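A quick write-up on the structure given underneath.
Cβ placement follows ideal geometry from the backbone for every residue including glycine, while neighbour counts extend to all protein chains displayed. Readers should treat all values here as calculations from the given coordinates under stated rules, not as data from a laboratory.
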Amino acid sequence: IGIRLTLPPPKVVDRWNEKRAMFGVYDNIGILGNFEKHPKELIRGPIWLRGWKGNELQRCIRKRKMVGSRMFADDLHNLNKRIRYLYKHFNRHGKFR
Amino acid sequence: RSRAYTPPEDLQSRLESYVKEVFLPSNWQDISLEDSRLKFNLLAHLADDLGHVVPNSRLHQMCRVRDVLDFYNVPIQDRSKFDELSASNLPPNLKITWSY
Amino acid sequence: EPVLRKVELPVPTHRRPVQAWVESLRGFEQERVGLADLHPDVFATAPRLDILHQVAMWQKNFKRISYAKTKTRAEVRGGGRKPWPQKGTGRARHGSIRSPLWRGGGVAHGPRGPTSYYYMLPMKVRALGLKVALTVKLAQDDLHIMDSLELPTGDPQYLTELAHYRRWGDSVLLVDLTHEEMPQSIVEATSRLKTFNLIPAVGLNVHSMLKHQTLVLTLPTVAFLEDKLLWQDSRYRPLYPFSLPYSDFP
Amino acid sequence: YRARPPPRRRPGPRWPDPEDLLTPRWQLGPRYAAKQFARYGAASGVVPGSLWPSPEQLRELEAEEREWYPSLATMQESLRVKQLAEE
Amino acid sequence: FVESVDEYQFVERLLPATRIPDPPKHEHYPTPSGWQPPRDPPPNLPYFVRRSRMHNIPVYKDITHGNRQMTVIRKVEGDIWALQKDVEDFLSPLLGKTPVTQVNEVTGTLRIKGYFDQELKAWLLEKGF
Amino acid sequence: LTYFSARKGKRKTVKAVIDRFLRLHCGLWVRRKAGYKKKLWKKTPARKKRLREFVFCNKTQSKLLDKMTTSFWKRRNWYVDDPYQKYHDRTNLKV
Amino acid sequence: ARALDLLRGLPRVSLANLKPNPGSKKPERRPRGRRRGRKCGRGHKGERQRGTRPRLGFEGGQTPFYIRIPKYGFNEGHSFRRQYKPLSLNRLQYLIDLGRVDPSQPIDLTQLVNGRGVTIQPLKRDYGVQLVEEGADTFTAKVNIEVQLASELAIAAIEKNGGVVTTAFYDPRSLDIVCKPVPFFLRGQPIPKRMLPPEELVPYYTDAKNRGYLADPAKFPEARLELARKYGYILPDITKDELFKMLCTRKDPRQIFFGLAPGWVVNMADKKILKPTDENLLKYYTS
Ligand SMILES: [Mg+2]
Ligand SMILES: [Mg+2]
Ligand SMILES: [Mg+2]
Ligand SMILES: [Mg+2]
Ligand SMILES: [Mg+2]
């Protein structure tokens, strides 16, 4: 019977955390800081998807050409096979054409 | 410091007295408040006196003295809903409690 | 004397400017020190709550990057050869022990890799979103304008008592013009508070104007915002980015 | 709270160290130097004499000009010849 | 090599503006292009229509589905229902029927079915916007 | 066709399509008639006059050719002395 | 507005009240339940359900439509054909009336770009602007335009009103520096010299009939006189009025910008112009 018998511990959430209180600040650093930075230069993450959005085949292609030279061996290998699979899927399979 | 407001009965003469003291002619209810010093002095005297201030959301709405006159004679009454329901002359079979 | 900040930018001929009290933080019971009027195309635009929803969801989601990844049936370990032959056994035909039907197999359509949710709204919609947030805060009677954020003392309890006396709200967003020239007293007072937050005028956004109940500008920040937001109206389409030099821009 | 200070650009040229191996090759050519001069003026950038061609680059330019970009006299002359032969 | 001179004036003619200029004052109107400024004072109608960035009166054509021809009056500030009554009173001799419209009170647009762009631009120049 | 290339992740045009057809900016594809230069000795001059024509394409042929090319090919082109330039904008349709 | 006055009476706008404009968000359809998924929209089991329908254009085995048809060179040399964005005189009168193009100065291509009258893109091989005769009647402007092609009737409409037209040439490189000059002066390169036309276009720009910039200034009064006779206007002499010194200025060939010279390095930062004084560079730049 996959249901729990006692109700779980309560989820104490601090809405006035440092992160929550200061979320969203400097999203308008462009439009009211004389366009010296874009907001996309505010985001932190992988180097191949800072200010870039793609589907999965494009994320894999971009990751391979941007960081693929210093990827580990079997990660590089898995990623080559994922591009090869996702190529054969987006280009040859589906409903609409 | 409570947001309850009850407009005075001598409000016409008080307000007119303030309009003369910031200035003065007849038809004084149609004086434009286009001058910003005149508006600040008039509403600052009234806020100092009556303890009731024209809010920022309405402050541009009075362009004549008549509009300030029409502002300072709405009763802004402030109390809790427990004190509004229990004072609304309940029948003898309503009972309201406030677990607060 | 009063403090009467008349509007510096040219108003349209058919709208009169909207006024607001100027207060101070020096006096514990000293509001209404002057009366600033404000540009109607930034503090009295149309209500437009749909644009608030656009800009709020933009601010939430553009910086977002999900790190959730799972393993597909190729990436999970082992499972290279057929477990049993195709036909002879009475069991189901299987090709690996790592197909998504097996306990321990790959995930068929799980989350793949870091995904970025990046998109830009046009800058005229972000700018219009800031305007709409300002008119809404002013219309709901939550805008308060100071002449400076200079407190008589640096205690937090002073500022919470001041905000309680003037019936502000649970959370106040204080906005000064620059980060360098913020007075030391408001820095010491708000650096300890959870709900009263100092932000430079550059840092002003829409998520944190809606998050906070009241919003507190200074008069230099008001002139700043009128300048930076009335600029987006009446400007050409760009030849090249505005970070590059122009005839008249900085 | 107080907001952490607003993110700004670097107030002047970024000169990467050439001996480093993770400096990409576009940041240590002469075009990067000319571009940094253009952004930051004479004060922060480079010696201004580097912007024009060296005499080796000058004779390469001159060779290319003589090869692919003829003069009006030779253009007009080839047009007289082609009009003549066509007519 | 180098010989630095301030003849930089010729560079300042190459810098584009950012703010679109106020149109210059002409002697008579309308201008040879047919442009004509909004009149001062603003008329005492219940409604008002702005101009665009480019000082043109904002009536736009709009097609959808390849056959929905329609026209949009866009920067309408004030009472859009008076504007819908007056447009509907203006176009109905040019159609016989009342034109089928749609006000969008939120954005402040008014959307009429069929192209009437030149007639509404001329009409709104007459009204003084 | 290729919907996502392996290098760019973009769509690709089918270059047979470009090699045979002409996209007018209004959306009409022009083509040449099949067999217009074959066995002319056994065709009547009416038929030869019919084959030497620039024939428009069908609706579904048009949408099939749109899907097989990219947005580069769908673009305004202000050539110098273009023969087909008066046929780009569509005059005087009543839908 | 009555609407902000409505916002007084309503509770405060928060992150808990927000809602998209109805019509913005269509709902996602996903294959669960009795309607959206049992066969899940693929139909019966064939090749289109399995997912393996053949490529676009494949007609199942007969020779496809897009291959039964002969190759003809409609698009044969498409990316080497030159393009010229039209600028009608209706458009240019429109720009002059609204202050966007100042007719008391020479109208080069930079002034049509900075007024945002014409958007020209040097990739996609636009070679510049061509004047267009649309709006020739009702064109009332004394102007000095430098436009890479011009029809006779557009030259007539400008030169009637006391104007000057000339047709210059620009390389893709040169045109690219002309349109957006400020991202060139951040590139650090010296100003190059614009190249002369190719052999196809030298007979264009050396004819006085279409006002070439390489043509005689001794054959121009004959051509101005001929158009003035053809289209029935008395040819005004530009020499008399006060704008004449403005209406005479041309930049010579091998000069991209107006007051500047090739080989100069514009220092945008401290507002200087660095000029070379080496003799080999001066032979190369003043060629
Ligand atoms: Mg395997
Ligand atoms: Mg298998
Ligand atoms: Mg697993
Ligand atoms: Mg697993
Ligand atoms: Mg449309």
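Just a few scattered comments:
- Residue E:33 of a type in the set (S, T, N, Q), out of contact with any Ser or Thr (no Cβ under 6 Å at 6 or more places or on another chain) and buried (at least 18 other Cβ atoms within 10 Å of the Cβ): yes
- One residue alone among C:103, C:77, C:98 is of a type in the set (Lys, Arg), within 16 Å of ligand 3 (Cβ to nearest atom) and either touching a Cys at 6+ places or on another chain (Cβ under 7 Å) or more than 24 Å from residue A:76 (Cα to Cα) (or both), and that residue is C:103.
- Matching residues, the stretch C:146-157, being farther than 15 Å from residue C:195 by Cβ and surrounded by fewer than 21 Cβ atoms within 10 Å (Cβ to Cβ): C:147, C:148, C:150, C:152, C:153, C:154, C:155
- Of all residues in the stretch A:63-80, those that are aliphatic (A, V, I, L, M) and either within 10 Å of chain C (Cβ to nearest Cβ) or closer than 21 Å to residue C:106 by Cβ (or both) total 4.
- The stretch G:47-61: number of residues that are under 15 Å from residue F:64 (Cα atoms) and facing chain A (nearest Cβ under 7 Å): 1
- Test: residue in the stretch A:16-27 that is farther than 20 Å from residue C:212 by Cα, facing chain C (nearest Cβ under 8 Å) and not in a loop (DSSP other than H, G, I, E, B): no
- Test result for residue F:94, more than 8 Å from every other protein chain (Cβ to nearest Cβ) and over 23 Å from residue G:78 (Cβ atoms): yes
- Among the criteria (1) touching a strand residue (DSSP E or B) at 6+ places or on another chain (Cβ under 7 Å); (2) away from chain E (no Cβ under 14 Å); (3) in a helix (DSSP H, G or I), the one residue G:35 does not fulfil is (1).
- Scanning the stretch G:154-166 for residues that are crowded, with 24+ Cβ neighbours inside 10 Å and in a strand (DSSP E or B) yields one hit, G:164.
- Residue in the stretch C:60-68 that is touching a helix residue (DSSP H, G or I) at 6+ places or on another chain (Cβ under 9 Å), more than 14 Å from chain G (Cβ to nearest Cβ), of a type in the set (A, V, I, L, M, F, W, C) and within 16 Å of ligand 1 (Cβ to nearest atom) present: no
- Of the strands (runs of 3 or more DSSP E) that lie entirely inside the stretch G:45-153, those containing 3 or more residues that are under 15 Å from the mean Cα position of the chain (by Cα) span G:83-88, G:126-132.
- Screening the stretch G:212-256 for residues that are among the β-branched types (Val, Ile, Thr) and touching a strand residue (DSSP E or B) at 6+ places or on another chain (Cβ under 8 Å) and picking the one that is nearest to residue G:107 (Cα to Cα) gives G:249.
- Checked against the criteria, residue E:115 counts as more than 9 Å from every other protein chain (Cβ to nearest Cβ), over 30 Å from residue G:190 (Cα atoms), within 16 Å of ligand 5 (Cβ to nearest atom) and in a loop (DSSP other than H, G, I, E, B).
- Extreme residue, farthest from residue C:46 (Cα to Cα), among residues of the stretch E:95-112 that are assigned to a loop (DSSP other than H, G, I, E, B) and of a type in the set (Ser, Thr, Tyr): E:98
- Filter result for residue C:182 (among the aliphatic types (A, V, I, L, M) and more than 17 Å from residue C:23 (Cα to Cα)): yes
- Among the residues making up the stretch B:29-48, a single one is away from every other protein chain (no Cβ under 13 Å) and exposed (fewer than 15 other Cβ atoms within 10 Å of the Cβ): B:30.
- For the stretch C:48-107, a residue qualifies if it is among the hydrophobic types (A, V, I, L, M, F, W, C) and away from ligand 4 (no atom under 16 Å from the Cβ), and the qualifying residues are C:49, C:51, C:52, C:55, C:56, C:57, C:58, C:62, C:65, C:84, C:92.
- Criterion violated by residue A:85 - all others in (1) more than 30 Å from residue C:198 (Cβ to Cβ); (2) surrounded by 15 or more Cβ atoms within 10 Å (Cβ to Cβ); (3) within 22 Å of the chain's Cα centre (by Cα); (4) not basic (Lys, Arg) satisfied: (2)
- Candidate set: the stretch C:107-119, residues that are surrounded by 15 or more Cβ atoms within 10 Å (Cβ to Cβ) and assigned to a loop (DSSP other than H, G, I, E, B); chosen: the one nearest to ligand 1 (Cβ to nearest atom): C:107
- Within the stretch C:1-51, the set of residues being assigned to a loop (DSSP other than H, G, I, E, B), among the aliphatic types (A, V, I, L, M) and in contact with an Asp or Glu (Cβ under 7 Å, 6 or more places away or on another chain) comprises C:3, C:7, C:9, C:25, C:33.
- Top-ranked residue of the stretch C:97-106 - restricted to ones that are within 15 Å of ligand 1 (Cβ to nearest atom) and away from chain A (no Cβ under 13 Å), ranked as surrounded by the fewest Cβ atoms within 10 Å (Cβ to Cβ): C:104
- Counting only residues that are under 27 Å from the mean Cα position of the chain (by Cα) and not acidic (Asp, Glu), the stretch C:12-26 holds 8 of them.
- Residue-level analysis places residue C:169 among those that are surrounded by fewer than 19 Cβ atoms within 10 Å (Cβ to Cβ) and closer than 29 Å to residue C:54 by Cβ.
- Options G:284, G:204: the member that is within 14 Å of chain D (Cβ to nearest Cβ) and either among the aliphatic types (A, V, I, L, M) or within 26 Å of the chain's Cα centre (by Cα) (or both): G:204
- Flag if residue C:74 is more than 16 Å from ligand 5 (Cβ to nearest atom), part of a loop (DSSP other than H, G, I, E, B), within 14 Å of chain G (Cβ to nearest Cβ) and among the small types (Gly, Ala, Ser): no
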